[PDB]
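Shown here is one chain on its own, the form solved without the ligand, set out as structure tokens.
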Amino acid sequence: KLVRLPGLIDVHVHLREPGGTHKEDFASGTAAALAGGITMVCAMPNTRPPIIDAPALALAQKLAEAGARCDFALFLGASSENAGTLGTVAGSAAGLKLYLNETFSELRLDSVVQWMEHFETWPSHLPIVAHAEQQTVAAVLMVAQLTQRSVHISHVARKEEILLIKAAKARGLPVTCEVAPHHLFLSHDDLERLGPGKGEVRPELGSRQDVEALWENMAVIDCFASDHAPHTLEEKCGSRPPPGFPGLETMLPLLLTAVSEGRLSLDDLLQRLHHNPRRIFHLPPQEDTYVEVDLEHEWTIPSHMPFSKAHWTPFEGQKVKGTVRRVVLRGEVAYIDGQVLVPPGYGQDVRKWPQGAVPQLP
């Protein structure tokens, strides 16, 4: 007996196109999404070139429309040069992303004053997301208060961070956050097995106490999102390992295992992979769209999942219970038992749908 879920949404994926297509592209990344029960993704802007102006966004939109197999929205990225310049294209994007810790030259912000300028200039009704670790979470929360608006904090990984967000919410501040599966299901205890190269991710893997704190504070977590950050094994095992893990194909199976063990409910899961992503990012419903999962099937995560070009996974060897059996996207069968059945280009930009525009005052 299969369980029918709505079409799940991952608001944080790196699909590497343009410019890193050996790591992943729209076609491979969205195949990975569908196999993981995800029917809509929001793609991050740290591509090459990065999506930091209108021409780069226009290119990315066409690459996505031609390559995506599931539906999508594309983030714009904040730079040291583009505050006050994105107003005409802002509404066509998923939102604006600020990289406040380690980043590529083009997305580096060298001053909190630049963060303020973005919060002041980006349209007030549109989403802003920050990669912010440790005290940077407190800092960007301050900037959000000074500019009187909301902020979404990406991949919370530490007890310190989730307790700070909890305290902010207790004071009624408009902050939401997400947590990635590797910060719920891996810790320092796994670095031995992974090694210093594969184990490289940002935010870094937490202690057992960090992991326990995130579970204890599940009520504070608004969304789950993969931070799918594909890099090849050659890159991860090399001399200058880039941070990041692939995660689209493993996220839902890991979380379904946790549901089966009673660590959270099916509803808790659907709030965090469907309802809260919709409401925070103003993402539209998808008609005739659903995912069928088998909660009984026990399997072991292999050395690589079938679709991501990353061709490795940090969850290798973990036992899971829960499998995606079928995905239907807008009335077409998109995935069955290991086979993707919609072509590159089937996916659409949800921000171009009438129901996908963010409502605003005239």
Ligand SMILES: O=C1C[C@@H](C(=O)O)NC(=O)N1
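So that there is no doubt, residue numbering starts at 1 and follows the sequence shown.
The next section is about a form of this same protein that is not shown, the form solved in complex with the ligand.
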(Q) Counting any non-hydrogen atom inside 4.5 Å, which residue from 313, 46, 323, 308 sits next to the ligand in the bound PDB entry? (A) 46
Q: Sort through 143, 229, 225, 254 and report the residue having a heavy atom within 4.5 Å of the ligand in the bound PDB entry.
A: 229
Q.
Can you work out whether residue 284 and the ligand are in contact in the bound PDB entry, taking contact to mean some heavy atom pair no more than 4.5 Å apart?
A. no
Q. Would residue 151 count as touching the ligand in the bound PDB entry under a 4.5 Å heavy atom rule?
A. no
Q. Using 4.5 Å between non-hydrogen atoms, is residue 118 touching the ligand in the bound PDB entry?
A. no
Q) in the bound PDB entry, does residue 201 have a heavy atom within 4.5 Å of the ligand? A) yes
Q | Segment that reaches the ligand in the bound PDB entry - one of 72 to 80, 214 to 222, 241 to 249, 158 to 166, heavy atoms within 4.5 Å | A | 241 to 249
